[PDB]
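Asks: The following file, work.cif, comprises mmCIF, C-alpha atoms and all ligand atoms:
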data_work
#
loop_
_atom_site.label_atom_id
_atom_site.label_comp_id
_atom_site.auth_asym_id
_atom_site.auth_seq_id
_atom_site.Cartn_x
_atom_site.Cartn_y
_atom_site.Cartn_z
CA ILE A 148 -8.73 -66.11 2.33
CA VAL A 149 -5.57 -66.43 4.53
CA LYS A 150 -6.20 -66.83 8.33
CA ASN A 151 -4.01 -65.66 11.28
CA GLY A 152 -2.09 -68.71 12.66
CA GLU A 153 -2.00 -70.49 9.25
CA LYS A 154 1.47 -72.18 8.94
CA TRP A 155 3.07 -72.63 5.46
CA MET A 156 5.79 -75.17 4.53
CA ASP A 157 6.94 -75.63 8.20
CA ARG A 158 8.54 -72.10 7.69
CA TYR A 159 6.07 -69.08 7.71
CA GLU A 160 3.32 -68.27 10.28
CA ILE A 161 0.73 -65.81 8.81
CA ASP A 162 -0.09 -62.98 11.30
CA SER A 163 -2.19 -60.31 9.49
CA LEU A 164 -3.09 -58.43 6.25
CA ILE A 165 -0.71 -55.47 5.56
CA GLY A 166 -2.37 -54.40 2.29
CA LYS A 167 -4.36 -55.34 -0.86
CA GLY A 168 -3.40 -54.52 -4.47
CA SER A 169 -4.65 -55.13 -8.04
CA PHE A 170 -1.89 -57.87 -7.95
CA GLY A 171 -3.22 -59.67 -4.80
CA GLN A 172 -2.45 -59.16 -1.09
CA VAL A 173 0.53 -58.55 1.23
CA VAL A 174 0.58 -60.23 4.67
CA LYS A 175 2.77 -60.00 7.77
CA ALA A 176 4.34 -63.46 8.46
CA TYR A 177 6.99 -64.88 10.90
CA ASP A 178 9.93 -66.70 9.23
CA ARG A 179 11.13 -69.48 11.65
CA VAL A 180 14.39 -70.14 9.64
CA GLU A 181 15.78 -66.55 9.66
CA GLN A 182 13.87 -65.81 12.95
CA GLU A 183 12.38 -62.47 11.73
CA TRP A 184 9.11 -60.95 10.47
CA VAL A 185 8.70 -60.63 6.66
CA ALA A 186 6.12 -59.15 4.24
CA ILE A 187 4.75 -61.82 1.86
CA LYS A 188 3.29 -60.44 -1.41
CA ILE A 189 0.72 -63.13 -2.47
CA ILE A 190 -0.15 -62.86 -6.20
CA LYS A 191 -3.69 -63.90 -7.36
CA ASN A 192 -3.85 -67.33 -9.19
CA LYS A 193 -4.73 -65.76 -12.63
CA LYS A 194 -2.34 -65.82 -15.69
CA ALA A 195 -2.37 -61.96 -15.98
CA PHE A 196 -1.20 -61.26 -12.41
CA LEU A 197 1.24 -64.29 -12.30
CA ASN A 198 2.98 -63.25 -15.60
CA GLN A 199 3.38 -59.59 -14.51
CA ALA A 200 4.60 -60.76 -11.03
CA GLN A 201 7.16 -63.09 -12.76
CA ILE A 202 8.52 -59.86 -14.39
CA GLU A 203 8.67 -58.17 -10.92
CA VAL A 204 10.65 -61.20 -9.55
CA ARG A 205 13.12 -61.12 -12.51
CA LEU A 206 13.73 -57.33 -12.14
CA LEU A 207 14.22 -57.56 -8.30
CA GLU A 208 16.68 -60.55 -8.63
CA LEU A 209 18.50 -58.58 -11.41
CA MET A 210 19.00 -55.64 -8.95
CA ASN A 211 20.07 -57.97 -6.03
CA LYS A 212 23.07 -59.26 -8.11
CA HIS A 213 24.46 -55.61 -8.22
CA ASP A 214 26.24 -55.03 -4.80
CA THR A 215 26.87 -51.21 -4.63
CA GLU A 216 25.94 -48.32 -2.21
CA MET A 217 22.92 -47.17 -4.29
CA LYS A 218 20.92 -50.47 -4.38
CA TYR A 219 19.81 -50.01 -0.65
CA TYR A 220 16.87 -47.63 -1.52
CA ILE A 221 14.89 -50.58 -3.07
CA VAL A 222 12.83 -53.00 -0.90
CA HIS A 223 14.83 -56.26 -0.55
CA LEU A 224 13.33 -59.40 -2.14
CA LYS A 225 14.54 -62.21 0.21
CA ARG A 226 13.02 -65.08 -1.88
CA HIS A 227 9.98 -66.28 -3.87
CA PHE A 228 8.15 -69.61 -4.03
CA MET A 229 4.93 -71.08 -5.49
CA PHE A 230 2.16 -72.11 -3.00
CA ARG A 231 -1.46 -73.27 -3.76
CA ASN A 232 -0.92 -71.94 -7.37
CA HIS A 233 -0.03 -68.39 -6.05
CA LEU A 234 3.40 -66.80 -6.76
CA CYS A 235 4.59 -65.49 -3.34
CA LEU A 236 7.36 -62.84 -2.99
CA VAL A 237 9.00 -62.61 0.48
CA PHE A 238 10.30 -59.07 1.35
CA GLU A 239 11.90 -57.43 4.40
CA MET A 240 9.25 -55.68 6.59
CA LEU A 241 9.05 -51.92 6.00
CA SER A 242 6.83 -49.31 7.80
CA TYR A 243 4.03 -47.00 6.49
CA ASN A 244 4.07 -45.18 3.10
CA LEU A 245 4.52 -41.50 2.30
CA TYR A 246 0.75 -41.07 1.51
CA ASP A 247 0.03 -42.16 5.13
CA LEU A 248 2.76 -39.66 6.20
CA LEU A 249 0.90 -36.88 4.27
CA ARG A 250 -2.51 -38.02 5.72
CA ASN A 251 -0.90 -37.80 9.21
CA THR A 252 0.02 -34.06 8.55
CA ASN A 253 -3.74 -33.61 7.63
CA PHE A 254 -2.40 -32.96 4.07
CA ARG A 255 -0.41 -29.82 5.18
CA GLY A 256 2.98 -31.38 4.15
CA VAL A 257 6.38 -32.05 5.77
CA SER A 258 9.28 -29.54 6.04
CA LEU A 259 11.60 -28.57 3.18
CA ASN A 260 14.28 -30.39 5.27
CA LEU A 261 12.40 -33.75 5.38
CA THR A 262 11.45 -33.27 1.67
CA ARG A 263 15.22 -32.83 0.88
CA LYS A 264 16.02 -36.14 2.71
CA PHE A 265 13.30 -37.92 0.65
CA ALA A 266 14.51 -36.24 -2.59
CA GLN A 267 18.13 -37.32 -2.00
CA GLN A 268 17.22 -40.97 -1.25
CA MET A 269 14.82 -41.13 -4.30
CA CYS A 270 17.43 -39.47 -6.65
CA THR A 271 19.90 -42.21 -5.46
CA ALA A 272 17.32 -44.97 -6.16
CA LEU A 273 16.75 -43.64 -9.73
CA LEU A 274 20.59 -43.43 -10.27
CA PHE A 275 20.75 -47.13 -9.28
CA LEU A 276 17.87 -48.14 -11.68
CA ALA A 277 19.62 -46.16 -14.53
CA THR A 278 22.71 -48.49 -14.21
CA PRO A 279 23.09 -49.53 -17.90
CA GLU A 280 22.87 -53.30 -17.26
CA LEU A 281 19.63 -52.63 -15.19
CA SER A 282 17.96 -49.73 -17.12
CA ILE A 283 14.76 -50.29 -15.03
CA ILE A 284 11.75 -47.92 -15.39
CA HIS A 285 9.64 -48.15 -12.20
CA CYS A 286 6.56 -46.81 -14.13
CA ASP A 287 4.43 -46.30 -10.93
CA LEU A 288 6.24 -43.86 -8.55
CA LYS A 289 3.84 -42.22 -6.11
CA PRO A 290 3.78 -41.58 -2.35
CA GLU A 291 1.94 -44.90 -1.71
CA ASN A 292 4.91 -46.81 -3.31
CA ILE A 293 7.53 -45.14 -1.01
CA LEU A 294 7.71 -46.74 2.46
CA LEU A 295 9.56 -45.68 5.64
CA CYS A 296 12.18 -48.29 6.69
CA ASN A 297 11.29 -47.49 10.37
CA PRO A 298 8.46 -45.38 11.91
CA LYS A 299 11.05 -43.53 14.11
CA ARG A 300 13.24 -42.53 11.08
CA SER A 301 13.35 -40.76 7.65
CA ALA A 302 15.01 -43.64 5.66
CA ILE A 303 12.77 -44.80 2.69
CA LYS A 304 12.66 -47.56 0.07
CA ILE A 305 10.66 -47.91 -3.21
CA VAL A 306 8.23 -50.88 -3.49
CA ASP A 307 5.99 -52.41 -6.20
CA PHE A 308 7.93 -53.23 -9.42
CA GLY A 309 4.64 -54.77 -10.70
CA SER A 310 4.46 -52.15 -13.54
CA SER A 311 8.25 -51.97 -14.08
CA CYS A 312 10.07 -52.77 -17.34
CA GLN A 313 13.64 -52.54 -18.68
CA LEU A 314 14.36 -49.91 -21.36
CA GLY A 315 13.22 -51.53 -24.67
CA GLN A 316 10.94 -54.12 -22.92
CA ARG A 317 7.83 -51.77 -22.85
CA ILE A 318 4.46 -53.66 -22.78
CA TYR A 319 1.71 -51.02 -22.13
CA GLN A 320 1.32 -47.45 -23.52
CA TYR A 321 -1.07 -46.57 -20.65
CA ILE A 322 1.07 -46.63 -17.50
CA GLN A 323 1.81 -44.63 -14.28
CA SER A 324 -0.85 -43.33 -11.85
CA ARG A 325 -2.64 -40.37 -13.48
CA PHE A 326 -1.43 -37.65 -11.00
CA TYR A 327 2.22 -38.78 -11.59
CA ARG A 328 1.90 -39.56 -15.36
CA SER A 329 4.56 -37.89 -17.57
CA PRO A 330 3.71 -35.75 -20.64
CA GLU A 331 5.39 -38.30 -23.00
CA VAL A 332 3.03 -41.07 -21.64
CA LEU A 333 -0.07 -38.75 -21.80
CA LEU A 334 1.03 -38.10 -25.47
CA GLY A 335 1.32 -41.88 -26.33
CA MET A 336 5.11 -41.60 -26.99
CA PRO A 337 7.74 -44.35 -26.43
CA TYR A 338 8.96 -43.75 -22.85
CA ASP A 339 12.34 -44.19 -21.02
CA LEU A 340 13.70 -43.77 -17.44
CA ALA A 341 12.84 -40.02 -17.55
CA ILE A 342 9.13 -40.80 -16.73
CA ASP A 343 10.24 -41.73 -13.14
CA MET A 344 12.00 -38.37 -12.74
CA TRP A 345 8.75 -36.59 -13.84
CA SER A 346 6.83 -38.59 -11.22
CA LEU A 347 9.50 -37.69 -8.59
CA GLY A 348 9.09 -33.93 -9.28
CA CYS A 349 5.30 -34.27 -8.71
CA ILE A 350 5.89 -36.34 -5.54
CA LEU A 351 8.31 -33.85 -3.87
CA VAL A 352 6.03 -30.78 -4.39
CA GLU A 353 3.12 -32.88 -2.91
CA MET A 354 5.27 -34.01 0.11
CA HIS A 355 5.89 -30.30 1.00
CA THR A 356 2.44 -28.67 0.16
CA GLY A 357 0.41 -31.74 1.24
CA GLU A 358 -1.65 -31.87 -2.01
CA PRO A 359 -1.02 -33.38 -5.47
CA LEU A 360 0.59 -30.88 -7.92
CA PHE A 361 -1.53 -32.12 -10.89
CA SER A 362 -4.77 -33.84 -9.77
CA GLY A 363 -6.38 -34.59 -13.17
CA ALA A 364 -9.78 -36.42 -12.97
CA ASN A 365 -8.88 -37.88 -16.45
CA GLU A 366 -6.12 -37.54 -19.09
CA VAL A 367 -7.61 -34.35 -20.65
CA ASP A 368 -7.86 -32.72 -17.16
CA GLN A 369 -4.36 -34.04 -16.29
CA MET A 370 -2.69 -32.45 -19.38
CA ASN A 371 -4.69 -29.18 -18.74
CA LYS A 372 -3.43 -28.99 -15.10
CA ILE A 373 0.17 -29.58 -16.36
CA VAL A 374 -0.23 -26.80 -19.05
CA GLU A 375 -1.56 -24.34 -16.34
CA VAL A 376 1.83 -24.56 -14.52
CA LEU A 377 4.25 -25.32 -17.39
CA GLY A 378 2.67 -23.77 -20.53
CA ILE A 379 2.06 -25.40 -23.93
CA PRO A 380 4.59 -28.21 -24.56
CA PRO A 381 7.24 -27.44 -27.25
CA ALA A 382 6.21 -28.02 -30.92
CA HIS A 383 9.14 -30.44 -31.53
CA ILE A 384 7.56 -32.78 -28.88
CA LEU A 385 3.92 -32.26 -30.01
CA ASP A 386 4.91 -32.87 -33.71
CA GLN A 387 6.14 -36.42 -32.80
CA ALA A 388 3.24 -37.28 -30.41
CA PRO A 389 0.52 -39.75 -31.52
CA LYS A 390 -2.00 -38.41 -28.92
CA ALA A 391 -1.03 -34.68 -29.38
CA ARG A 392 -4.56 -34.07 -30.89
CA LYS A 393 -6.27 -35.54 -27.77
CA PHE A 394 -5.22 -32.24 -26.04
CA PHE A 395 -3.80 -29.67 -28.54
CA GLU A 396 -4.55 -28.28 -32.04
CA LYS A 397 -1.88 -27.40 -34.65
CA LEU A 398 -2.34 -24.01 -36.44
CA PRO A 399 -0.57 -23.25 -39.76
CA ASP A 400 1.30 -20.17 -38.31
CA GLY A 401 1.91 -20.31 -34.50
CA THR A 402 2.11 -24.10 -34.19
CA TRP A 403 0.16 -25.39 -31.07
CA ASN A 404 -2.59 -24.33 -28.58
CA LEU A 405 -4.99 -26.13 -26.20
CA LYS A 406 -8.11 -27.66 -27.74
CA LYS A 407 -10.96 -25.97 -25.78
CA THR A 408 -14.11 -27.85 -24.59
CA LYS A 409 -16.89 -26.20 -22.42
CA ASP A 410 -15.75 -23.95 -19.51
CA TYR A 415 -8.23 -23.39 -16.12
CA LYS A 416 -5.70 -20.51 -15.71
CA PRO A 417 -3.96 -19.35 -18.92
CA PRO A 418 -1.04 -21.59 -20.03
CA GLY A 419 1.98 -21.24 -17.69
CA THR A 420 0.27 -18.69 -15.34
CA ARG A 421 -0.22 -21.06 -12.29
CA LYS A 422 3.45 -20.46 -11.28
CA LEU A 423 5.30 -23.10 -9.16
CA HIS A 424 6.79 -19.99 -7.36
CA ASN A 425 3.29 -19.32 -5.86
CA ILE A 426 2.35 -23.01 -5.29
CA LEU A 427 5.56 -23.35 -3.22
CA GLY A 428 5.05 -19.83 -1.65
CA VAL A 429 8.81 -19.12 -2.38
CA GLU A 430 8.39 -15.41 -1.32
CA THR A 431 5.29 -15.75 0.95
CA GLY A 432 6.26 -18.14 3.83
CA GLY A 433 5.92 -21.49 1.96
CA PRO A 434 2.67 -23.39 1.14
CA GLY A 435 -0.39 -21.44 2.48
CA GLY A 436 2.18 -19.20 4.30
CA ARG A 437 2.46 -21.97 6.99
CA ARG A 438 6.35 -21.99 7.13
CA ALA A 439 6.75 -18.18 7.75
CA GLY A 440 9.90 -17.70 9.91
CA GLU A 441 10.77 -21.45 10.39
CA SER A 442 14.51 -22.29 9.86
CA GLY A 443 15.40 -24.10 6.59
CA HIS A 444 12.51 -22.27 4.80
CA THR A 445 14.35 -19.10 3.63
CA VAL A 446 13.62 -17.72 0.09
CA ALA A 447 17.13 -19.00 -0.98
CA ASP A 448 16.19 -22.54 0.27
CA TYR A 449 12.87 -22.26 -1.67
CA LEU A 450 14.47 -20.99 -4.94
CA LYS A 451 16.92 -23.96 -4.96
CA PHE A 452 13.95 -26.38 -4.53
CA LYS A 453 11.85 -24.62 -7.25
CA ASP A 454 14.84 -24.81 -9.68
CA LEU A 455 15.40 -28.57 -9.09
CA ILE A 456 11.62 -29.28 -9.50
CA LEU A 457 11.33 -27.30 -12.79
CA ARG A 458 14.36 -29.34 -14.07
CA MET A 459 12.51 -32.55 -13.01
CA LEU A 460 9.37 -31.20 -14.82
CA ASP A 461 11.12 -30.48 -18.17
CA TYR A 462 8.60 -31.43 -20.95
CA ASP A 463 11.53 -32.80 -23.03
CA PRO A 464 12.55 -36.26 -21.68
CA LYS A 465 16.01 -35.90 -23.31
CA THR A 466 16.82 -32.59 -21.45
CA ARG A 467 14.89 -33.45 -18.18
CA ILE A 468 17.45 -33.66 -15.31
CA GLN A 469 18.94 -37.16 -14.73
CA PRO A 470 19.60 -38.69 -11.28
CA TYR A 471 23.40 -38.14 -11.05
CA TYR A 472 23.00 -34.44 -11.99
CA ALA A 473 19.98 -34.04 -9.62
CA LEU A 474 22.20 -35.30 -6.75
CA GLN A 475 24.78 -32.47 -7.64
CA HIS A 476 22.06 -29.74 -7.52
CA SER A 477 22.59 -26.83 -5.00
CA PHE A 478 19.39 -27.95 -3.12
CA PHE A 479 21.51 -30.83 -1.68
CA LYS A 480 24.62 -28.64 -0.83
CA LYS A 481 25.90 -27.96 2.77
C1 LIG B 501 5.15 -53.17 5.31
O1 LIG B 501 6.13 -53.91 4.58
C2 LIG B 501 5.94 -54.00 3.23
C3 LIG B 501 6.92 -54.53 2.41
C4 LIG B 501 6.68 -54.62 1.05
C5 LIG B 501 5.48 -54.17 0.48
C6 LIG B 501 5.25 -54.26 -1.00
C7 LIG B 501 6.21 -54.79 -1.85
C8 LIG B 501 5.96 -54.87 -3.21
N1 LIG B 501 4.81 -54.47 -3.76
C9 LIG B 501 3.84 -53.96 -2.94
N2 LIG B 501 2.68 -53.55 -3.52
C10 LIG B 501 4.04 -53.84 -1.56
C11 LIG B 501 4.52 -53.64 1.34
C12 LIG B 501 4.74 -53.55 2.70
CL CL B 502 -1.77 -39.75 -3.66
CL CL B 503 1.18 -48.52 -14.31
#
What is this structure when it is put down as structure tokens?
Replies:
Amino acid sequence: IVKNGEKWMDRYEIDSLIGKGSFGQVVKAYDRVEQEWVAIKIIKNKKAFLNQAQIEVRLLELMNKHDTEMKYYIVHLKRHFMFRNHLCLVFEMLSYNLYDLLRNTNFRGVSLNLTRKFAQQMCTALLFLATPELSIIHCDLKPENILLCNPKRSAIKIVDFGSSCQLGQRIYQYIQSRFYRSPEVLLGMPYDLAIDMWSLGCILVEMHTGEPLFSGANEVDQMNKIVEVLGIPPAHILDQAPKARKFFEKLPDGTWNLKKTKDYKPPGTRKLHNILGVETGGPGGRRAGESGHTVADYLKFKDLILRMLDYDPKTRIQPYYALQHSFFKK
């Protein structure tokens, strides 16, 4: 319960509720010292949420100490303080999220050209998080966690480092939102920064088609929707996976296949080529003839996405090399 007009610490005047989370709530507030509006993320007064939010504060302050071009795709933490036994994180105000943007297209998607602008900003963010001394895994990339800087413009920033961890500081095996969950996490394997790049691949297809690429209703369904597009994962990965046998069965000759329950397209037959409509006027044919939606434009996009959706986290494309892809050229 926070009321409009409520004044905190002779500094902040609470205006309105921006959003609610598992973590607590985010409110619009006026800062009298800086003379500007800010977003205040108010964590619930329960050990679990406080402790995870203390990790979010540490990771944001760690990024803020690195002044470089690439850090300006991450929402700015201005400060944090403790009030009425709630940890409170003060951020810059951003605009609406990319799910809202998709809802506003009635889930028909934005252009290849706006998708490219989002791709390039998000690839730069991931390059920043991969800075050795940072090595931050977001762990929850999805459209909802990508906000416009300004409702008139196509600049974006990532929010919500509530799930985030540094490489080698993993807490939970079960992480990421199901639609954006990487194969290595579905398979219960130790995960690295490559799980964010998997999420990003999923996100960019969704931004252009308007619908999630892999909309599993549970982990079994999720892996089955991935297999439809990408085929059976390579044996070398499945051999090292604790949860391989949640989804696949090993045969003595001809190593792995799907476990079948009661009655999906055959492995690797739901081609990304058709989902994108590379040769058939884009998703549902709705970009037929539009500029920036040529077959050559489409093939570049398909190639970058399939590199982002490599099953092998060690060969999956990394941010620097994604930024050099032809999809971003001239
Ligand atoms: C509208 O402005 C904002 C700014 C930050 C956030 C934010 C920041 C960090 N975590 C979450 N879940 C949300 C939301 C809206
Ligand atoms: Cl979504
Ligand atoms: Cl998570």
Asks: Go ahead and compute the interatomic distance for CA of residue 425 in chain A and CA of residue 379 in chain A, in Å to one decimal.
Replies: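 Taking CA of residue 425 in chain A and CA of residue 379 in chain A, their separation equals 19.1 Å.
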Asks: Go through the chains and note each residue within 6 Å of ligand LIG 501 (chain B), using all atoms listed in the file, then give the set as an mmCIF file with C-alpha atoms, in the frame of the given file.
Replies:
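pocket_17.cif, written as the output of this step:
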data_model
loop_
_atom_site.group_PDB
_atom_site.id
_atom_site.type_symbol
_atom_site.label_atom_id
_atom_site.label_comp_id
_atom_site.auth_asym_id
_atom_site.auth_seq_id
_atom_site.Cartn_x
_atom_site.Cartn_y
_atom_site.Cartn_z
ATOM 1 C CA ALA A 186 6.120 -59.150 4.240
ATOM 2 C CA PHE A 238 10.300 -59.070 1.350
ATOM 3 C CA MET A 240 9.250 -55.680 6.590
ATOM 4 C CA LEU A 241 9.050 -51.920 6.000
ATOM 5 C CA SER A 242 6.830 -49.310 7.800
ATOM 6 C CA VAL A 306 8.230 -50.880 -3.490
ATOM 7 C CA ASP A 307 5.990 -52.410 -6.200
#
Asks: Which residues, written as a PyMOL selection string, have at least one atom at most 10 Å from residue 438 in chain A, with all atoms listed in the file counted and residues fewer than 5 positions away on the same chain left out?
Replies: chain A and resi 258-259+428+431-433+443-445
Asks: Could you pull the residues within 12 Å of residue 260 in chain A, counting only C-alpha atoms, minus those fewer than 3 positions along the same chain, as a list in words?
Replies: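 Residues near the query, excluding close chain neighbours: residues 256, 257, 263, 264, 265, 266, 267, 301, 351, 354, 355, 438, 441, 442, 443, 444, 445, 448, 449, 452, 478 and 479 of chain A.
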Asks: Okay, now the selection with C-alpha atoms, as a PDB file, in the coordinates of the input?
Replies:
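Saved file selection11.pdb follows:
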ATOM      1  CA  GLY A 256       2.980 -31.380   4.150  1.00  0.00           C
ATOM      2  CA  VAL A 257       6.380 -32.050   5.770  1.00  0.00           C
ATOM      3  CA  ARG A 263      15.220 -32.830   0.880  1.00  0.00           C
ATOM      4  CA  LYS A 264      16.020 -36.140   2.710  1.00  0.00           C
ATOM      5  CA  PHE A 265      13.300 -37.920   0.650  1.00  0.00           C
ATOM      6  CA  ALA A 266      14.510 -36.240  -2.590  1.00  0.00           C
ATOM      7  CA  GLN A 267      18.130 -37.320  -2.000  1.00  0.00           C
ATOM      8  CA  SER A 301      13.350 -40.760   7.650  1.00  0.00           C
ATOM      9  CA  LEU A 351       8.310 -33.850  -3.870  1.00  0.00           C
ATOM     10  CA  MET A 354       5.270 -34.010   0.110  1.00  0.00           C
ATOM     11  CA  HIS A 355       5.890 -30.300   1.000  1.00  0.00           C
ATOM     12  CA  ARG A 438       6.350 -21.990   7.130  1.00  0.00           C
ATOM     13  CA  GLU A 441      10.770 -21.450  10.390  1.00  0.00           C
ATOM     14  CA  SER A 442      14.510 -22.290   9.860  1.00  0.00           C
ATOM     15  CA  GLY A 443      15.400 -24.100   6.590  1.00  0.00           C
ATOM     16  CA  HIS A 444      12.510 -22.270   4.800  1.00  0.00           C
ATOM     17  CA  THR A 445      14.350 -19.100   3.630  1.00  0.00           C
ATOM     18  CA  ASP A 448      16.190 -22.540   0.270  1.00  0.00           C
ATOM     19  CA  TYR A 449      12.870 -22.260  -1.670  1.00  0.00           C
ATOM     20  CA  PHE A 452      13.950 -26.380  -4.530  1.00  0.00           C
ATOM     21  CA  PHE A 478      19.390 -27.950  -3.120  1.00  0.00           C
ATOM     22  CA  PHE A 479      21.510 -30.830  -1.680  1.00  0.00           C
TER      23      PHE A 479
END
Asks: Could you check the closest approach to ligand CL 503 (chain B) for each of A:328, A:223, A:424, A:218 and tell me which residue wins, using all atoms listed in the file?
Replies: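 So, comparing all the options, the nearest one is A:328.
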Asks: Could I get the residue neighbourhood of ligand CL 502 (chain B) at 10 Å, counting all atoms listed in the file, as number ranges by chain?
Replies: A: 245-247, 249-250, 289-292, 324-327, 350, 353-354, 357-359, 362
Asks: Pick out the closest residue to residue 282 in chain A from this set: A:366, A:178, A:239, A:343. Count only C-alpha atoms.
Replies: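 For residue 282 in chain A, the nearest of the given residues is A:343.
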Asks: Nearest to residue 381 in chain A: which of A:415, A:318, A:462, A:337 is it, counting all atoms listed in the file?
Replies: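 Among the listed residues, A:462 lies closest to residue 381 in chain A.
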Asks: Within 9 Å of residue 322 in chain A, counting only C-alpha atoms, which residues qualify if same-chain residues fewer than 6 places away don't, as an NGL selection string?
Replies: :A and (286-287 or 310 or 328 or 332)
Asks: List as a list in words: which residues have an atom within 7 Å of (18.8, -59.5, -3.7), counting all atoms listed in the file?
Replies: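 All residues meeting the 7 Å criterion around (18.8, -59.5, -3.7) are residues 207, 208, 210, 211, 212, 223, 224 and 225 of chain A.
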